[PDB]
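Asks: The structure is given below, and queries will be raised subsequently.
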Amino acid sequence: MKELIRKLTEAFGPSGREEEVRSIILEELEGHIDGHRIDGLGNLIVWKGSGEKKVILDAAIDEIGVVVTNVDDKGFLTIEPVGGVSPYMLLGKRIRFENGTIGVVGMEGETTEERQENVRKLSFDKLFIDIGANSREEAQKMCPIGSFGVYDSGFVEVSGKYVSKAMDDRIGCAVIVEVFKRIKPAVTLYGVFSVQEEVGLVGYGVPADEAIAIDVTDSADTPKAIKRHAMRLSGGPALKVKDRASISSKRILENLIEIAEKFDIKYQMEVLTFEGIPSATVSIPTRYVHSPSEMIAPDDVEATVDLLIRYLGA
Amino acid sequence: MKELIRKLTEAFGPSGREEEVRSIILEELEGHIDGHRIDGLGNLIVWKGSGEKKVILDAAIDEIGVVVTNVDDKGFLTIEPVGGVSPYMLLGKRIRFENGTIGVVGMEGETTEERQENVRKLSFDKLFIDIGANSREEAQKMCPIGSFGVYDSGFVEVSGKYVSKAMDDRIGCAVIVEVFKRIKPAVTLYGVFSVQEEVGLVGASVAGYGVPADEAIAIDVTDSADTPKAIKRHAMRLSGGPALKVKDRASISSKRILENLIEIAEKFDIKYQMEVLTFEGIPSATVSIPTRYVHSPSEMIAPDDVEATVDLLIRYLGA
């Protein structure tokens with residue numbers, strides 16, 4: 001599973017430019033699915049099996065990133081966020097653009113007074129990206145306005161933990177792929193690798209009896225994160241307790257609990273403080289979400305795959 | 001090109017199930033290419049020649065159709081479209097499946113008023129496919145959920161025009177094949193017969209097919225707007241020649257390819273027409289075959305347009 005996770009987390013796929021991730025998914029699934037198609041919205045749909053019950057597993061394919069919005073007369077790029085990237089996570093980071101260009105993130109201000117004022121109230125308009133260009137025309141041919149970029153960070157093992165960009169939600173994609181690689185399905189099993197619509201803009205078309213979202217959830221097990229209901233690395237898949245869950249959705253949750261208990265699979269119940277298909281959410285606990293170094297525990301990922309295979313497999 | 005077009009248009013090739021299309025392309029190209037490769041996604045790449053300039057010709061191999069999404073207790077199939085299939089195009093039509101299974105498309109509603117209401121705003125949820133099965137078990141064995149179907153129509157000559165399913169974009173595939181059959185290339189010529197990698201069935205999706213190239217030319221279809229009550233203000237029409245696509249935000253190198261093609265057409269006395277504007281790694285142009293009734297089971301082309309397109313490409317790339 002390690003190489004699968006490496007390939008999916010390192011793949012280039014910010015919102016709108018996900019073709020490399022779709023291709024890796026399809027190449028990983030060759031020989032393990034009965035068919036596939038891309039729907040009208042760009043969602044990748046795969047399937048395997050023929051049992052009477054139909055179940056969807058869905059995971060988001062997009063990753064956070066940046067988009068180039070302007071180019072100055074000296075070749076420096078202005079950017080805005082794609083998804084939830086904090087400007088604080090970009091300071092001094094390297095960005096990888098779609099065509100392979102590497103850029104360095106800098107912050108405006110020279111005196112100690114102005115830099116400290118800037119960093120205390122850091123916004124994207126105080127950042128720029130240096131791609132080594134010396135003029136606008138040179139930068140425009142290298143990295144035109146509208147180009148997308150993502151963290152120039154990759155996969156690494158950190159004493160048994162896995163660290164990479166885009167664990168949210170490429171680890172969910174990896175779980176679904178691995179289930180398809182291993183499973184002899186007792187159901188008709190769909191995998192949906194879904195694109196995200198921009199916040200402020202306007203189901204996957206396949207009918208099914210159940211849908212299970214494979215997501216990440218924040219792992220609240222770092223220093224001074226002393227809270228009740230905390231999800232922790234190595235505590236197993238996080239099963240989401242939704243306040244307004246339908247009767248049918250609660251039945252799915254109960255099924256997964258009984259499966260995990262029956263087969264000695266670690267799990268934890270996610271309670272949050274403060275579509276039409278019956279649904280459940282199973283999440284991988286993840287530290288440092290939306291940073292270049294999101295961290296997961298491989299045993300949680302294995303336990304999640306095991307849970308889904310027990311529940312859906314022959 | 002008649003037999004080539006008949007074979008390619010009639011071949012079964014919906015999303016992910018294009019084995020018959022790729023096999024026909026390679027049999028037609030035997031003895032006319034230097035090599036070929038089928039990548040991990042099903043794209044078929046062929047090449048010929050050794051000139052310094054490298055040029056890609058690309059056409060899509062997938063055709064529109066339906067996919068089975070449910071089967072009821074009486075063996076009737078529920079379907080969703082793949083590509084631009086209109087539900088109105090399917091009423092009373094026959095659908096062909098991979099193993100040769102034929103199905104009949106029906107619509108729900110028994111009273112005349114219910115049927116009149118359903119066709120006023122026809123939706124796929126009111127359609128079903130009857131494959132002759134008498135139970136879910138019988139239907140699932142013949143046509144499992146997830147099976148793809150295509151139009152069960154074939155090639156016919158209609159007073160000198162060619163009519164078939166899947167001219168979009170098997171006619172582009174035919175053009176590329178015929179170019180490789182005849183050309184003595186001045187370039188290194190690559191032919192890419194591409195599967196769906198975007199939301200649309202046709203389109204390279206701006207991910208390099210593993211071939212570095214100096215130019216790429218997509219061979220597509222375009223709507224022929226020369227049927228009754230079409231007001232032809234620069235409309236594309238059958239027998240007007242290949243349609244050269246004007247692109248609004250085109251790069252300098254892309255407009256140069258278009259101008260090259262215009263100059264070839266005029267120097268070699270080849271008819272052409274300009275597909276006007278309606279309202280980035282490799283420079284690209286698009287050349288299209290005018291086609292009537294796109295996305296119906298009876299797409300219609302004029303053979304002289306196809307021949308002129310082949311001629312345009314041979315003369316552009318032969319020297």
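If you're wondering about the labels, chains in the structure tokens are A, B, ... by order shown, residues count from 1 in each chain, ligands from 1 in order shown.
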Can you check which residues of range 118-216 of chain A DSSP gives as strand (DSSP E or B) on the backbone and send them as a ChimeraX atom specification?
Replies: /A:127-130,148-151,156-158,161-164,185,188-194,210-216
Asks: Only C-alpha atoms, please: the residues just picked out, written as a compact mmCIF listing (two decimals), in the first residue's frame.
Replies:
```
# COMPACT_ATOMS: atom_id res chain seq x y z
CA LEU A 127 3.26 36.99 -0.90
CA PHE A 128 4.95 36.47 -4.25
CA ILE A 129 6.49 33.53 -6.10
CA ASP A 130 9.99 33.68 -7.58
CA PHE A 148 -2.08 26.03 -10.97
CA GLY A 149 0.50 24.94 -8.42
CA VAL A 150 0.68 22.61 -5.41
CA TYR A 151 3.15 22.01 -2.59
CA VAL A 156 8.45 10.32 3.42
CA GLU A 157 8.34 7.81 6.28
CA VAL A 158 8.70 9.34 9.74
CA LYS A 161 4.22 7.17 10.12
CA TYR A 162 3.60 8.27 6.54
CA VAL A 163 3.98 11.97 5.71
CA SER A 164 3.10 13.65 2.42
CA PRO A 185 -17.37 -8.32 -3.51
CA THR A 188 -22.14 -4.36 -6.59
CA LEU A 189 -19.34 -2.02 -5.54
CA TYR A 190 -18.84 1.46 -7.00
CA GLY A 191 -15.81 3.63 -6.42
CA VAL A 192 -16.35 7.36 -6.97
CA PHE A 193 -13.33 9.65 -7.13
CA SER A 194 -15.04 13.00 -6.94
CA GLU A 210 -25.57 2.89 0.58
CA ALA A 211 -22.77 5.44 0.19
CA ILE A 212 -19.68 5.52 2.41
CA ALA A 213 -17.42 8.57 2.22
CA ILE A 214 -13.75 7.86 2.93
CA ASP A 215 -12.33 11.12 4.30
CA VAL A 216 -9.65 12.43 6.63
```
Asks: Pick out each residue of range 79-205 of chain A that DSSP on the backbone tags as alpha helix (DSSP H); I need them as an NGL selection string.
Replies: :A and (112-120 or 136-142 or 167-182)
Asks: Please find the residues of chain A near chain B - the criterion being any atom within 10 Å, counting only C-alpha atoms - and write them as a PDB file with C-alpha atoms, in the first residue's frame.
Replies:
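Below is the file out.pdb, written as the result:
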```pdb
ATOM      1  CA  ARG A  17      -6.514  19.817 -13.047  1.00  0.00           C
ATOM      2  CA  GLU A  18      -6.920  16.249 -11.785  1.00  0.00           C
ATOM      3  CA  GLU A  19      -6.078  14.247 -14.919  1.00  0.00           C
ATOM      4  CA  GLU A  20      -2.833  12.771 -13.539  1.00  0.00           C
ATOM      5  CA  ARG A  22      -7.433   9.897 -12.534  1.00  0.00           C
ATOM      6  CA  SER A  23      -4.799   8.181 -14.689  1.00  0.00           C
ATOM      7  CA  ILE A  24      -2.914   6.747 -11.712  1.00  0.00           C
ATOM      8  CA  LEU A  26      -7.183   3.802 -13.476  1.00  0.00           C
ATOM      9  CA  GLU A  27      -3.736   2.257 -13.962  1.00  0.00           C
ATOM     10  CA  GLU A  28      -3.765   0.961 -10.377  1.00  0.00           C
ATOM     11  CA  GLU A  30      -6.526  -2.285 -14.274  1.00  0.00           C
ATOM     12  CA  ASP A  34     -15.295  -4.435 -14.469  1.00  0.00           C
ATOM     13  CA  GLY A  35     -15.709  -0.975 -15.996  1.00  0.00           C
ATOM     14  CA  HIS A  36     -15.224   2.745 -15.581  1.00  0.00           C
ATOM     15  CA  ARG A  37     -16.405   6.092 -16.892  1.00  0.00           C
ATOM     16  CA  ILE A  38     -16.002   9.807 -16.266  1.00  0.00           C
ATOM     17  CA  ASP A  39     -19.330  11.549 -15.770  1.00  0.00           C
ATOM     18  CA  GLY A  40     -20.382  15.022 -16.917  1.00  0.00           C
ATOM     19  CA  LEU A  41     -18.757  16.719 -13.913  1.00  0.00           C
ATOM     20  CA  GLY A  42     -15.386  14.967 -14.148  1.00  0.00           C
ATOM     21  CA  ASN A  43     -16.026  12.421 -11.397  1.00  0.00           C
ATOM     22  CA  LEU A  44     -14.309   9.088 -12.033  1.00  0.00           C
ATOM     23  CA  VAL A  46     -15.433   2.504 -11.327  1.00  0.00           C
ATOM     24  CA  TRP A  47     -17.238  -0.692 -10.382  1.00  0.00           C
ATOM     25  CA  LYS A  48     -16.727  -4.355  -9.531  1.00  0.00           C
ATOM     26  CA  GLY A  49     -19.031  -7.199  -8.523  1.00  0.00           C
ATOM     27  CA  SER A  50     -22.643  -8.121  -9.102  1.00  0.00           C
ATOM     28  CA  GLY A  51     -24.410  -8.675  -5.760  1.00  0.00           C
ATOM     29  CA  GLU A  52     -27.922  -7.366  -5.234  1.00  0.00           C
ATOM     30  CA  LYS A  54     -25.239  -1.612  -4.353  1.00  0.00           C
ATOM     31  CA  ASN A  99       4.247  22.121 -16.318  1.00  0.00           C
ATOM     32  CA  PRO A 144       1.303  31.976 -17.386  1.00  0.00           C
ATOM     33  CA  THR A 188     -22.137  -4.364  -6.586  1.00  0.00           C
ATOM     34  CA  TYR A 190     -18.840   1.460  -7.004  1.00  0.00           C
ATOM     35  CA  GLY A 205     -25.973   9.563 -10.955  1.00  0.00           C
ATOM     36  CA  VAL A 206     -25.534   5.878 -10.150  1.00  0.00           C
ATOM     37  CA  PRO A 207     -28.358   4.469  -8.018  1.00  0.00           C
ATOM     38  CA  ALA A 208     -27.153   2.665  -4.919  1.00  0.00           C
TER      39      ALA A 208
END
```
Asks: Would you list the contacts of range 244-253 of chain B as a compact mmCIF listing (two decimals) with C-alpha atoms, in the first residue's frame, taking every protein, DNA or RNA residue within 6 Å and counting only C-alpha atoms, but skipping same-chain residues closer than 4 positions in sequence?
Replies:
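Generated output (selection07.txt):
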```
# COMPACT_ATOMS: atom_id res chain seq x y z
CA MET B 274 -13.49 28.32 -41.69
CA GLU B 275 -15.26 27.31 -38.45
CA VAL B 276 -15.82 30.73 -36.90
CA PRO B 283 0.67 24.18 -30.46
CA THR B 286 -8.42 21.43 -35.30
CA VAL B 287 -9.67 20.14 -38.66
```
Asks: Which residues of range 128-242 of chain A come within 10 Å of range 269-279 of chain A, and what is each one's closest atom pair and distance in Å (one decimal), counting only C-alpha atoms, sorted by chain and residue number, as JSON lines?
Replies:
```
{"residue": "A:203", "atom": "CA", "partner": "A:275", "partner_atom": "CA", "distance": 5.6}
{"residue": "A:204", "atom": "CA", "partner": "A:275", "partner_atom": "CA", "distance": 9.2}
{"residue": "A:207", "atom": "CA", "partner": "A:277", "partner_atom": "CA", "distance": 8.1}
{"residue": "A:208", "atom": "CA", "partner": "A:277", "partner_atom": "CA", "distance": 6.9}
{"residue": "A:209", "atom": "CA", "partner": "A:277", "partner_atom": "CA", "distance": 6.4}
{"residue": "A:210", "atom": "CA", "partner": "A:278", "partner_atom": "CA", "distance": 5.2}
{"residue": "A:211", "atom": "CA", "partner": "A:279", "partner_atom": "CA", "distance": 4.7}
{"residue": "A:212", "atom": "CA", "partner": "A:279", "partner_atom": "CA", "distance": 5.6}
{"residue": "A:213", "atom": "CA", "partner": "A:279", "partner_atom": "CA", "distance": 7.6}
{"residue": "A:217", "atom": "CA", "partner": "A:270", "partner_atom": "CA", "distance": 8.8}
{"residue": "A:228", "atom": "CA", "partner": "A:271", "partner_atom": "CA", "distance": 9.3}
{"residue": "A:229", "atom": "CA", "partner": "A:271", "partner_atom": "CA", "distance": 6.1}
{"residue": "A:230", "atom": "CA", "partner": "A:270", "partner_atom": "CA", "distance": 7.8}
{"residue": "A:231", "atom": "CA", "partner": "A:270", "partner_atom": "CA", "distance": 6.9}
{"residue": "A:235", "atom": "CA", "partner": "A:269", "partner_atom": "CA", "distance": 9.7}
{"residue": "A:236", "atom": "CA", "partner": "A:269", "partner_atom": "CA", "distance": 9.4}
{"residue": "A:237", "atom": "CA", "partner": "A:269", "partner_atom": "CA", "distance": 8.4}
{"residue": "A:238", "atom": "CA", "partner": "A:269", "partner_atom": "CA", "distance": 5.5}
{"residue": "A:239", "atom": "CA", "partner": "A:269", "partner_atom": "CA", "distance": 4.9}
{"residue": "A:240", "atom": "CA", "partner": "A:270", "partner_atom": "CA", "distance": 4.6}
{"residue": "A:241", "atom": "CA", "partner": "A:271", "partner_atom": "CA", "distance": 5.4}
{"residue": "A:242", "atom": "CA", "partner": "A:271", "partner_atom": "CA", "distance": 7.4}
```
Asks: Hey, what's within 12 Å of range 105-121 of chain A if we count only C-alpha atoms and toss same-chain stuff fewer than 6 positions away? As a short mmCIF file (atom, residue, chain, number, x, y, z; two decimals) with N, CA and C atoms, in the first residue's frame, please?
Replies:
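So the final result, stored in out-v6.cif, reads:
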```
data_model
loop_
_atom_site.label_atom_id
_atom_site.label_comp_id
_atom_site.auth_asym_id
_atom_site.auth_seq_id
_atom_site.Cartn_x
_atom_site.Cartn_y
_atom_site.Cartn_z
N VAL A 66 -2.54 26.62 -5.28
CA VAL A 66 -2.53 28.05 -5.59
C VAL A 66 -2.76 28.24 -7.08
N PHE A 76 8.04 38.33 -11.01
CA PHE A 76 7.50 37.71 -9.81
C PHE A 76 6.00 37.49 -9.96
N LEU A 77 5.54 36.35 -9.46
CA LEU A 77 4.15 35.93 -9.60
C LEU A 77 3.34 36.30 -8.35
N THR A 78 2.10 36.72 -8.56
CA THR A 78 1.13 36.88 -7.49
C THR A 78 0.19 35.68 -7.52
N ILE A 79 -0.18 35.18 -6.34
CA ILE A 79 -1.02 33.99 -6.27
C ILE A 79 -2.21 34.24 -5.35
N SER A 86 -3.46 28.04 3.93
CA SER A 86 -3.12 29.23 4.70
C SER A 86 -1.87 29.89 4.11
N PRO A 87 -1.83 31.22 4.07
CA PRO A 87 -0.58 31.88 3.65
C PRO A 87 0.59 31.54 4.56
N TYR A 88 0.30 31.23 5.82
CA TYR A 88 1.36 30.88 6.76
C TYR A 88 2.04 29.57 6.40
N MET A 89 1.33 28.65 5.74
CA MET A 89 1.95 27.40 5.31
C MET A 89 2.80 27.56 4.06
N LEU A 90 2.78 28.73 3.42
CA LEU A 90 3.52 28.94 2.18
C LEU A 90 4.84 29.67 2.37
N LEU A 91 5.03 30.37 3.49
CA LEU A 91 6.24 31.16 3.70
C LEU A 91 7.48 30.31 3.49
N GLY A 92 8.33 30.73 2.55
CA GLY A 92 9.56 30.03 2.23
C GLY A 92 9.39 28.64 1.66
N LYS A 93 8.16 28.25 1.32
CA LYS A 93 7.93 26.96 0.70
C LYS A 93 8.22 27.02 -0.80
N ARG A 94 8.47 25.85 -1.37
CA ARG A 94 8.55 25.70 -2.82
C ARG A 94 7.22 25.19 -3.36
N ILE A 95 6.83 25.74 -4.51
CA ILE A 95 5.58 25.37 -5.19
C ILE A 95 5.94 24.70 -6.51
N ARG A 96 5.22 23.63 -6.84
CA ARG A 96 5.38 22.94 -8.11
C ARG A 96 4.17 23.23 -8.98
N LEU A 127 2.41 38.06 -0.41
CA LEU A 127 3.26 36.99 -0.90
C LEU A 127 3.52 37.15 -2.39
N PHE A 128 4.64 36.57 -2.83
CA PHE A 128 4.95 36.47 -4.25
C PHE A 128 5.71 35.17 -4.48
N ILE A 129 5.76 34.74 -5.73
CA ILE A 129 6.49 33.53 -6.10
C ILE A 129 7.59 33.89 -7.08
N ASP A 130 8.80 33.46 -6.77
CA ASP A 130 9.99 33.68 -7.58
C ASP A 130 10.24 32.39 -8.35
N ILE A 131 10.08 32.44 -9.67
CA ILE A 131 10.38 31.29 -10.52
C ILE A 131 11.71 31.47 -11.26
N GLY A 132 12.54 32.40 -10.80
CA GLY A 132 13.81 32.63 -11.47
C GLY A 132 13.72 33.46 -12.73
N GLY A 149 -0.63 25.55 -9.09
CA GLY A 149 0.50 24.94 -8.42
C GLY A 149 0.05 24.24 -7.15
N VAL A 150 0.91 23.34 -6.66
CA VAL A 150 0.68 22.61 -5.41
C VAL A 150 2.00 22.61 -4.64
N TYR A 151 1.94 22.17 -3.39
CA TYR A 151 3.15 22.01 -2.59
C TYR A 151 4.18 21.18 -3.34
N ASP A 152 5.43 21.65 -3.35
CA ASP A 152 6.56 20.86 -3.84
C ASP A 152 7.13 20.02 -2.70
#
```
Asks: Using only C-alpha atoms, which residues sit within 12 Å of residue 6 in chain B once same-chain residues fewer than 2 positions away are excluded, as JSON, numbers by chain?
Replies: {"B": [1, 2, 3, 4, 8, 9, 10, 11, 21, 24, 153, 154, 155, 156, 157, 162, 163, 164, 165, 166, 167, 170, 171, 173, 174]}
Asks: Just the selected residues (C-alpha atoms), exported as a PDB file, in the first residue's frame, please.
Replies:
```pdb
ATOM      1  CA  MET B   1     -12.303   4.803 -47.936  1.00  0.00           C
ATOM      2  CA  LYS B   2     -15.783   3.261 -47.956  1.00  0.00           C
ATOM      3  CA  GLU B   3     -14.894  -0.104 -46.414  1.00  0.00           C
ATOM      4  CA  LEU B   4     -12.565   1.574 -43.900  1.00  0.00           C
ATOM      5  CA  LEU B   8     -14.647   1.759 -38.042  1.00  0.00           C
ATOM      6  CA  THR B   9     -18.139   3.220 -37.617  1.00  0.00           C
ATOM      7  CA  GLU B  10     -19.781  -0.170 -36.998  1.00  0.00           C
ATOM      8  CA  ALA B  11     -17.145  -1.298 -34.477  1.00  0.00           C
ATOM      9  CA  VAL B  21     -11.763  -0.333 -32.729  1.00  0.00           C
ATOM     10  CA  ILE B  24      -9.392  -2.631 -36.846  1.00  0.00           C
ATOM     11  CA  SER B 153     -27.353   0.893 -36.448  1.00  0.00           C
ATOM     12  CA  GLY B 154     -24.808   0.479 -39.194  1.00  0.00           C
ATOM     13  CA  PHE B 155     -23.311   1.962 -42.340  1.00  0.00           C
ATOM     14  CA  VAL B 156     -25.491   2.807 -45.345  1.00  0.00           C
ATOM     15  CA  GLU B 157     -24.911   4.852 -48.499  1.00  0.00           C
ATOM     16  CA  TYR B 162     -22.323   7.999 -46.037  1.00  0.00           C
ATOM     17  CA  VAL B 163     -24.555   7.394 -43.014  1.00  0.00           C
ATOM     18  CA  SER B 164     -23.640   5.413 -39.905  1.00  0.00           C
ATOM     19  CA  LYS B 165     -23.391   5.566 -36.166  1.00  0.00           C
ATOM     20  CA  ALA B 166     -20.329   7.119 -34.533  1.00  0.00           C
ATOM     21  CA  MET B 167     -19.047   9.312 -37.351  1.00  0.00           C
ATOM     22  CA  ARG B 170     -14.678   7.304 -36.095  1.00  0.00           C
ATOM     23  CA  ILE B 171     -14.567   9.432 -39.253  1.00  0.00           C
ATOM     24  CA  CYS B 173     -10.047   7.900 -36.994  1.00  0.00           C
ATOM     25  CA  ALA B 174     -10.626   6.946 -40.641  1.00  0.00           C
TER      26      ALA B 174
END
```
Asks: Using CA of residue 160 in chain A and CA of residue 307 in chain A as the two end points, give the distance in Å to one decimal.
Replies: 21.4 Å
Asks: So the first atom is CA of residue 100 in chain B and the second is CA of residue 13 in chain B; what is the distance between them in Å, to one decimal place?
Replies: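 About the pair CA of residue 100 in chain B and CA of residue 13 in chain B: they are 12.8 Å apart.
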